[PDB]
Each structure stands twice: as structure tokens, then as C-alpha cells.
2 protein chains.
Amino acid sequence: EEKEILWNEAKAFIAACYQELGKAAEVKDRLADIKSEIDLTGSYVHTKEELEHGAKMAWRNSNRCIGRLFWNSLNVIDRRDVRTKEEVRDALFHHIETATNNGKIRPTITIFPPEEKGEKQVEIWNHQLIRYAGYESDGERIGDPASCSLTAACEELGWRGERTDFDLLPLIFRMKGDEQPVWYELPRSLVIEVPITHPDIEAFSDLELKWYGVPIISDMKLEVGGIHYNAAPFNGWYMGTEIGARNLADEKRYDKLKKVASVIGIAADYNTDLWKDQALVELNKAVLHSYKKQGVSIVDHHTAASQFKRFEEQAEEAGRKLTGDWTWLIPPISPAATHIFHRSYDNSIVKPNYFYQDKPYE
Amino acid sequence: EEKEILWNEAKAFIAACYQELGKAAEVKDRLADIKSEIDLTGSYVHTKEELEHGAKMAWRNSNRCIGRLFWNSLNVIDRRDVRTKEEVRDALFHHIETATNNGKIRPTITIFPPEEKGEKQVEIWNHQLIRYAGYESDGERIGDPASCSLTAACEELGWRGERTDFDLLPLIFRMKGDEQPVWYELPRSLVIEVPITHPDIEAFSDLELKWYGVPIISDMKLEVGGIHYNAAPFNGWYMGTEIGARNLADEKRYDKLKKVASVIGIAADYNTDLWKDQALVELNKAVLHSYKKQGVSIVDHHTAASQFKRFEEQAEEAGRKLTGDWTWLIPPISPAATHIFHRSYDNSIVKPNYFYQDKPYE
Ligand code: HEM
Ligand code: HEM
Ligand SMILES: Nc1cccc(CCc2cccc(OCc3ccc4ccc(N)nc4c3)c2)n1
Ligand SMILES: Nc1cccc(CCc2cccc(OCc3ccc4ccc(N)nc4c3)c2)n1
Ligand SMILES: [Cl-]
Ligand SMILES: [Cl-]
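What counts and how
Every chain here is numbered from 1 following its written sequence, a scheme that can differ from the numbering in the entry; residues without coordinates are not drawn. Each chain is given a letter, starting from A, and each ligand a number, starting from 1, according to the order in which they appear as written. Computation of side-chain values: all heavy atoms of the structure, hydrogens and water removed. Under the scheme used here, helices are H or I runs from DSSP no shorter than 4 residues and strands are E runs no shorter than 2 residues, and both carry numbers assigned from the N terminus. Between the two quantities, the radius of gyration covers C-alpha atoms and the globule rule is 2.2 Å times the number of residues to the power 0.38. Only protein chains enter the accessibility calculation, which uses a 1.4 Å probe. A residue is then buried if its area is under 20% of the maximum for its type, exposed if over 50%, and partly exposed in between. Only heavy atoms enter the contact rule, under which two residues are in contact if any of them lie within 4.5 Å. Think of it this way: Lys and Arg go in the positive column, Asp and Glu in the negative one, and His and the chain ends go nowhere. Taken as the charge centre is NZ of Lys, CZ of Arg, CG of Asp or CD of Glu, depending on the residue. For two strands to count as paired, DSSP must find a minimum of two bridges between them. Where helices are involved, their axes are fitted lines through C-alpha atoms of the stretch in contact, as for all axes, and angles between N-to-C directions lie from 0 to 180°. Any residue with a heavy atom positioned within 4 Å of a molecule or strand is treated as near that molecule or strand. Within 3.5 Å is the distance limit for a polar contact, defined as a pair of N or O atoms, with the added protein rule that one can donate a hydrogen and the other accept it, and that residues adjacent in sequence qualify only through two side-chain atoms. The classification used treats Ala, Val, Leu, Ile, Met, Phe, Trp, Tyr, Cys and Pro as nonpolar, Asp, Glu, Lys and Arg as charged, and all other residues, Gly among them, as polar. For each domain, the first and last residues come from an automatic or database assignment. Metal-coordinating donors are taken as N, O and S atoms lying within 2.8 Å of the metal, or within 3.2 Å when the metal is Na, K or Ca; because water is left out, some sites can appear incomplete. Superposition of the copies is carried out by least squares, using only their C-alpha atoms. Note on ring pairs: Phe, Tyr and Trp rings are taken, using the six-membered ring of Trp, and paired if centres are within 6.5 Å. Classes follow the plane angle, with under 30 degrees stacked, over 60 edge-to-face and the rest tilted. Counted as over-ring charges are cases with an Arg CZ or a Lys NZ within 6 Å of the ring centre that also lie within 35 degrees of the ring normal. Angular relationships are summarised with four words: roughly parallel below 35 degrees, roughly antiparallel beyond 145, roughly perpendicular across 65 to 115, and oblique for the angles in between. By definition, any crossing whose near helix is turned counterclockwise from its far helix by less than a right angle is left-handed, and any crossing with a clockwise turn is right-handed. Summed over both partners, the accessible surface that disappears when two parts come together, traced with a 1.4 Å probe, is what is meant by buried area. Salt bridge criterion: a side-chain nitrogen from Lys or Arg within 4 Å of a carboxyl oxygen from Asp or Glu.

Caption draft 1: Just the overall build of chain A, in detail. Helix and strand counts for chain A come out as 10 helices and 14 strands. Taken against the 2.2 N^0.38 rule, which gives 21 Å for 362 residues, the C-alpha radius of gyration of chain A at 22 Å falls within 12% of a compact globule. Evaluated residue by residue, chain A yields a buried proportion of 54% over its 362 residues. Taking as baseline every contact in chain A between residues at least 6 positions apart, the subset at least 24 positions apart corresponds to 67%. Of the side chains in chain A, 46 bear a positive and 59 a negative charge, and the two mean positions are spaced by 3 Å.

Next comes the structure, spelled out in C-alpha cells:
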């Protein structure tokens, strides 16, 4: 019964995709080719053009993403030909290098072979390709708490972290048929990191903060016309609040606001002093300043929201419905200073899209 | 058919209300009294105790309110005995005075006669009892744009504003049978206002900003057991972001961020400088400082969110379901610094509650 669902999704996807591509006349023959292929094989194989456009549609449909103005310029790398661990590893390394682009971040996705009959071909364990390890024992907190479970999984497989606050996790992924994942240390020459300084407050460097250049989300499933690409890591560039208001600020993450308050010279005693708010602003100013100073792409939430307004206008001009998730679109810093905060959005799910999938570990 | 709906609402309300009040045994006889009363009269009349508790329940059920920890200490003033304009006006004046309480704001509601058969007895036109007028002609912007339509309505009735940025609108309300509302200037001796200064930046007073002490929301309908109290003005104290992040900051309100940036000495040129965020923080620090300096109650969003966490815990301990509206509960300043931002809430509507109703004017 698997193939009846697939056929329906493929009809809807091919019709819409060829329509947008001006190939509506070719729709008829391509679907017949598909229906034969499914009857014979149980599945079908996207053309390069369909795979590229489908990945772009999926970004355009991601309700939670403010960055969607640039959906059509996604650089799609087709790695459905991969068969071995070395090829997976090298394609992951290449993604890091080409997406980094010496700091001028190129929004990129690398697509690996899709699930066959819901059996995975490649299974990536990382949440992002570049991310810091986290440790918790004997009351000692080190690194990124969000990474505790994966870090413990990795250290069961014979990896061992230096237990700095910024250990790079290795790539870790499992191949079909294999029964433990392999892991590979990231070559440091491929990983750009940005030290956090402040434009005005020289003491800010006493915090010794840093973050990595490129967030490469490697654990979501791309669904295009009924085909499930569970391994399809992608990246944009950061919006600064993601680092300054969440990764470095959350009490469950690096929890740095009290130390930020101290180095910027304000007291952290009274809610009514709004010291957390003031610290959040200076930390977020430092993040943008540091990325720009180093020549690594980044966008602030005001410019990002302005770009998203253009996306909304572009949708309307193209007669496409806009969908969005207000609770994820508003930024966590001065949200009411953006137009997003002041309108509502239809949170309907349209496909192609990116979806969550269960982690292979605990 | 009006009375069948009423009977159902009354059963649900009286059962729940007497239950909470430990009067469950009295439920039976009180409902029979109600069913006779509705058969005869078309409606029923709440006891003082039911009206007071029902107003308190309605606040407890207001999904959008972060201030609900204090729902049970609401001071309920029963003015169902009012019949004339002078009595309405004096009860509105008394509400201002007793709720203000020389600055130690007392959360208060004044309840006027309810709708009879959906015909209103008293119809308040003000959105808040104390609010500033707004004007727009010939490209000239004065006052509070949110008040433009009511201000124009008032000036049709023979009132005339001085056209400062902070003219107090008069009370305006209509009595049943009458065909134009009356209006009365507020006695300035009853209206506390707070000039906005900054704790550290003496130049902040050059902005000549002020706001009024007590927000007294006078245009929502209180519904208790099927009875519709359309005229039931109530007040809490302000949460500082309401003034500093919305009333004085919104581009459609007083739009003061560029002037705030100037007096605090930062440039307002580059999104990446986060000058809007920085200005928002200093303006909101000034609002809290000024209310506290003058001795007028106010709460900051951090303390408010801490209190709301206690409300959530109190609900759970009492076996009551919690409902809430996340998009209204998070504050517009540093929302992710509060626990609210990090959980979800059931937005179901339970009654008693406060509801929107159409304005009598345009
Ligand atoms: C080019 C620069 C980009 C920026 C600045 C950007 C910004 C963001 C931000 C800030 C979020 C999280 C919002 C929040 O935490 O509330 C987000 C979510 C998302 N973005 Fe983007 N994004 C960009 C590129 C991309 C790309 C290239 C894709 C895929 C091709 C993508 C797909 C998504 C998805 C799927 C989510 C939601 C993930 C989830 O539900 O967990 N974005 N984006
Ligand atoms: C005692 C101090 C109080 C504080 C600090 C407080 C705080 C707030 C705030 C900040 C909002 C708007 C949230 C936003 O803009 O997103 C709000 C909404 C609300 N509050 Fe409270 N509140 C308090 C007292 C009261 C009282 C006494 C009542 C009624 C008895 C009430 C009923 C409501 C209602 C009904 C709304 C939503 C109004 C609407 O939908 O337009 N609150 N509250
Ligand atoms: N309590 C709360 C309220 C609203 C929203 C949220 C989400 C916070 C969060 C947590 C973990 C991840 C995350 O984002 C994932 C993501 C995916 C794709 C991206 C592409 C580009 C980019 N720059 N960022 C991306 C981030 C958000 N939590
Ligand atoms: N785009 C957006 C997103 C989320 C929430 C909002 C609401 C902004 C708003 C507009 C007008 C009024 C308002 O609040 C009304 C209100 C009612 C009762 C109160 C009791 C006490 C108190 N201190 N404040 C109250 C405020 C909120 N807009
Ligand atoms: Cl991240
Ligand atoms: Cl207000």
C-alpha cells in the first residue's frame, strides 16, 4: 500500500513543480513514466531539475523560517550516488567548505540517497554538522548542554572530548547494514569560528566567547513528492539573535548574561533595572559586530524582518498563499519592533517541506 | 429562546461558583429560584457574592493576562442600582479615585446594570476611562493616533481639545433611551500622571514624555452565568512594557524611538547597531524608574512573569486547568528571558470571562 500514497504525492508535486518551471506540457508523459516506475520498482527517482526545485520549494514552505526571501537561490548539491562512508564523509566535508565559502556563506543543501522502503540508507546523528560538545557530571557543567546526549553517545564509540567549553563534535553517521555509526574528527581548517568582541567595550573579550560560522542543520527530513530524504543537511547564515539571545544567553545553554552584565559594568541585582534586557542588547550587538568584523555572513533581526516583508509581497504578487508560524517568526529581541509581530500568519503545512525525525540515540 | 441559553449558562456558573465557595449544598435551591425567575422575568439577578466571585473568575480565565496571580483580590464595586447620567458619571469618578488610591493602585472593577434583552442600559464609549486624545489633519500628527476616531466623535458632540500631545479625553457614555451620549471633563485632581525621566541620563527629560497612572479598560463585556455586563470598567496596574514598548514606542502610537536614541547619545543609522533595541531598553528603564519614583504602582515584565509562574503552580495545586494565549502572554521586550516563552498554553475559552464588543462609533 506504500505506493498508493507515493503516487498521490508525486502527482501533486510534479504538476506544481513543472507548472512553476514552465514545463506544464511535459507533465503528462513524466507522470506515466512515474506510474510505470512505481509499479515496477516500488518508488521513483527525481530528475536533477525536480530535486533542485523541490528542495527550493521546501524552503519556501518552511513556516518557521524568516529567511525565505532567498529560497530560489539555494545551491543544491546532488549526492544520491553515495554508497560508502568515505564518500558520505567527504561530501559532508565538501558541504562545510563550499557553504562556508571563506565567510561569504552560500545557502547550500547536500542531498543523500532517500529512504528506500522507509529503511534509511545514511543516518546522520549530528544535529548540526558543526556544533560544540557538552558534558555534565559531578555537578560540573562544561560546554553546550544541548549537546549532552549526543556527546555521551559519541564517547561510547571511542571518541573523547578535551572538555573545553567549545569542543567540536565529530561527524557521526551510520550506513545501512552497519550497526554502529562511524565518527570522524572535523578538520579544523574547514571550520571558521568567530571570537565575540564588542565594538565599544574592550573588556568584553575577557568573557572568551566564540561561536562557529555556519549553522548546518543535519537532522531534518526533506520530503519532495513522496520521497523521504532523511539525510539532507542544509545551511543558511545565522540571524544574530540565534547566537546572542539563545545559544549564548539561555539558562539551559551557555547562560552568559550575568557575566555579560559584569563586563559591561551594570549591576545584576534588580529586575526593575532591566539588566537582563540591557545585557541581551550588548551581547547581540557584539555578535553582529564580530561576525561582520571577521567577514562572516550574518543578518540582524531588523534586516531579516524587512527581507521577510519582501517575501510576503513576492508571494502575493505571484498568487501563492503565504504560510507562517508567528511564534517562530518573531525574533526573541524587540519583536514588536518588526512588522511580523503586528500581523498574523496561516500555519498550514504545505509540501515539499522539511520535517523533524526521531533521533537514533538517547 | 433567549432563556434556554441563559438557563444553561446559569447552571454551569452557579454549580462551579458555589463549589469554589464551599456552598455546594445551597446549589439546589438557588437554581430553582433561578428557573422560576427566568420563566417569570426573562432573566435573573446575581447575588452580591455571585457577582463578586464571577468577576474574579472572569479575570482568572483571561487567557491573555499575565497578571492573574492576584485574581482573588479584585475589589468589586456593585453599581447595578445606577439609573441616571449623574450616577454613572459619579461612579466612574469614584472608580478612578478608589482604584488610584494615591498611587497604591487597587485592582478594581465597577459593575453597572447588565444588558436586559441584549438592549444596553449604559454604553461607555471610552476605551479606557483615562486616555489621551489624538488628531490627524493636513498632515499634522498630534497626540495618540489610537484615539483619533473617538476624539473626532467627541468633537462632534461639542467637546474641543487643546491639541497638546496629552489632552485627556472626557468621559463619554450613552444612557438607554437617550440618543446621543453625554460627555464630562475629567477633574484633573483625580488623574495621576507620571513624567518620564531616566535614572542616569538627565537629558531624557528633554523629551517631555508622560503617561497616566492607571489603565482602566472600559469597553469590554463581562459575562457571568449568561448575564452580559457590557459596562464593567476594570483596572490593574501597568506592566512597564505596555508604556515603554508599545504606547510610547509603536510607529502607530507616539513613535518616540528616534528621539530616545538621540537623547541617549547613540546613532540611529544602521540596523546592525541595534539602536532600536537599545532605545527600547532605556525607554523601558525610564518608565519603571519614573513610576516607582513617583509612588505609582507598576511591575516589570520579569517580576510579572515570575508571578505568572506562581499562578500556573497555584492552578495545578488547585486541580484547575490553566488556559493562556502565548502570543499575548510573552512580553514584547526580551520575551525568551521569561519562562512563558519556553512553554505552551491551551488557548481554550472558559467562562466567566471578559470579551470584546463592537464600538458604538466610527
Ligand atoms: C539564508 C539565511 C537564513 C536565515 C537567516 C534563516 C533564519 C531562520 C531562523 C532564525 C530560524 C529559527 C527561528 C526561531 O528560532 O524562532 C529558522 C528556522 C528554519 N529555517 Fe531558516 N534561515 C535561513 C536559511 C534557511 C535555509 C537555507 C533553509 C533550508 C533550505 C531553512 C529552513 C528553515 C527551517 C526548516 C526552519 C525551522 C526548523 C525547525 O522547525 O526546527 N532556512 N530560519
Ligand atoms: C493587577 C495588575 C495587572 C497586570 C500587570 C496585567 C497585565 C496585562 C497585560 C500586560 C495585558 C496585555 C498583554 C499584551 O499586550 O500582550 C493584559 C491583558 C488583559 N488583562 Fe490583565 N493585568 C492586570 C490586571 C487585570 C485585571 C484587574 C483584569 C480584570 C479584572 C485583567 C484582565 C485582562 C484582560 C481581559 C486582558 C486582555 C484584553 C484583550 O483581549 O484585549 N487584568 N493584562
Ligand atoms: N520557545 C520557543 C519559542 C519559539 C521558537 C522556538 C524555537 C527555538 C529553536 C530551537 C532549536 C532550533 C531552532 O532553529 C532550528 C533552525 C533550523 C534551520 C535554520 C536555518 C538557518 C538558520 N539561521 N537557523 C536555523 C535554525 C530554534 N522556541
Ligand atoms: N501584535 C500583538 C501581538 C500580541 C499581542 C498584542 C496586543 C497588544 C494590545 C493592544 C491593545 C490593548 C492591549 O491590552 C489591552 C489590556 C486589557 C486589560 C489590561 C489590564 C491590565 C493591564 N496592565 N493591561 C491591560 C491591557 C494589548 N498585539
Ligand atoms: Cl544554532
Ligand atoms: Cl494602555
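Caption draft 2: Representation of the sheet that holds strand β11 (residues 221-224) of chain A. Residues and elements named next belong to chain A. With antiparallel pairing, three strands are arranged side by side in an open sheet as β12-β11-β14. Edge strands, defined here as strands with exactly one partner in the open sheet, are β12 (227-229) and β14 (353-355). Taken pair by pair, the neighbouring strands of this sheet meet at an average axis angle of 30°, ignoring direction. Two elements, β11 and β12, share three bridges in a ladder whose sense is antiparallel. If you follow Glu223 over to β12, its bridge partner there is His228.

Caption draft 3: The pairing of strand β5 (residues 140-143) of chain A, seen in detail. Residues and elements named next belong to chain A. Of the strand pairs in this sheet, strand β4 (residues 134-137) and β5 are connected by four bridges, and their pairing is antiparallel. For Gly134, the partnering residue across the bridge sits in β5 and is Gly143. Hairpin connection between β4 and β5: a loop of two residues separates the two successive antiparallel strands, and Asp138 in this loop has a positive phi of roughly 55°.

Caption draft 4: Representation of the sheet that holds strand β7 (residues 182-184) of chain B within the structure. Residues and elements named next belong to chain B. Read from one edge of the open sheet, three strands run β3-β6-β7, paired in antiparallel fashion. On the outer flanks of this sheet lie β3 (122-124) and β7, each paired with one strand and no other. Pairs of neighbouring strands in the sheet enclose a mean axial angle of 30°, with direction left out of account. Sheet topology places β3 next to strand β6 (residues 171-175); three bridges connect them, and they run antiparallel. Opposite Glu123, over in β6, you have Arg174 as the bridge partner. Sheet contacts for helix α4 (residues 85-100): β3, β6 and β7; angle to β6, the most-contacted strand, approximately 145°.

Caption draft 5: Spotlight on the site of ligand 1. Residues and elements named next belong to chain A. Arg64, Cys65, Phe234, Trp328 and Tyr356 are the nearest of the 17 residues found near ligand 1. Here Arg64 contributes a side-chain N or O atom positioned 3.0 Å from an oxygen atom of ligand 1. At 2.7 Å, a backbone N or O of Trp328 approaches an oxygen atom of ligand 1. Considering only residue class, the shell around ligand 1 consists of 12 nonpolar, three polar and two charged. Counting contributing residues per domain, the shell around ligand 1 is built from domain 1 (1-80 + 107-117 + 221-235 + 305-329) and domain 3 (193-215 + 238-303), each supplying no fewer than three.

Caption draft 6: The arrangement of the site of ligand 2 in detail. Residues and elements named next belong to chain B. Residues in contact with ligand 2 amount to 17 residues; listed here are only the nearest, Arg64, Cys65, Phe234, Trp328 and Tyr356. Residue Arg64 places a side-chain N or O atom 3.0 Å away from an oxygen atom belonging to ligand 2. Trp328 is positioned with one of its backbone polar atoms (N or O) 2.7 Å from an oxygen atom of ligand 2. Split by residue class, the shell around ligand 2 holds 12 nonpolar, three polar and two charged. In this structure, the shell around ligand 2 is formed jointly by two domains, domain 1 (1-80 + 107-117 + 221-235 + 305-329) and domain 3 (193-215 + 238-303), each of which donates at least three residues.

Caption draft 7: Broad picture of the coordination of the iron atom of ligand 1. Among protein residues, the single donor to the iron atom of ligand 1 is A:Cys65 (SG), with a metal-donor distance of 2.5 Å. With respect to the element layout, A:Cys65 can be found in the loop between α3 (48-60) and β1 (75-78).

Caption draft 8: Quick peek at the relation of the copies chain B and chain A. In the superposition of chain B on chain A (RMSD 0.0 Å, axial shift 0.0 Å), the rotation amounts to 180°. Both chain copies can therefore be described as sitting about a two-fold axis. The fraction of interface residues of chain B whose copies in chain A are also interface residues reaches 100%, indicating that both copies meet through the same surface.

Caption draft 9: Representation of the packing of aromatic side chains. Evaluation of the coordinates by the stated rule reveals 29 aromatic pairs over all chains. Summarising the aromatic geometry, the rings of A:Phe234 and A:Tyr354 are spaced 4.8 Å apart at their centres and angled 45° between planes, so their arrangement reads as tilted. Of this pair, A:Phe234 sits in strand β13 (residues 234-235) while A:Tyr354 sits in strand β14, and the two are 120 residues apart along the sequence. Side by side, A:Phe234 and A:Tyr354 carry an identical accessibility label, which is buried. Ring plane angle 75° and centroid distance 5.1 Å describe the contact between B:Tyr132 and B:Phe166, whose orientation is recorded as edge-to-face. Within this pair, whereas B:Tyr132 is found in the loop between β3 and β4 (134-137), its partner B:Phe166 is found in the loop between α5 (148-156) and β6, the two being separated by 34 residues in sequence. By the burial criterion, B:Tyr132 is buried, and B:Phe166 matches it. Counting every residue linked through ring pairs, the aromatic cluster contains A:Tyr132, A:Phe166, A:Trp211, A:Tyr212, A:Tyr238 and A:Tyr254. Across from the ring centre of A:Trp7, 5.4 Å away, lies the NZ or CZ of A:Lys35, which sits over that ring.

Caption draft 10: Highlighting the packing of helix α1 (residues 2-20) of chain B against helix α2 (residues 27-41) of chain B. Residue and element names in this part refer to chain B. Contact geometry for α1 and α2: axes closest at 10 Å, N-to-C directions at 160°. Regarding the angle of α1 to α2, the classification is roughly antiparallel. Relative to α2, the crossing made by α1 is right-handed. Each of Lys3, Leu6, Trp7, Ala10, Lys11, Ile14, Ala15 and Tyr18 in α1 lies in contact with α2, whose residues at this interface are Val27, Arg30, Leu31, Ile34, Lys35, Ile38 and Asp39.

Caption draft 11: Geometry of the domain arrangement of chain A. All names here are of chain A. What the domain assignment lists for chain A is domain 1 (1-80 + 107-117 + 221-235 + 305-329), domain 2 (81-106 + 121-192 + 356-360) and domain 3 (193-215 + 238-303). A C-alpha centroid distance of 27 Å is found between domain 1 and domain 2. In this complex, domain 1 contributes 21 residues to the contact, which on the side of domain 2 involves 19 residues. Both sides together, the interface formed by domain 1 and domain 2 hides about 1,700 Å², and carbon and sulfur atoms give 54% of it. The interface formed by domain 1 and domain 2 contains one salt bridge.

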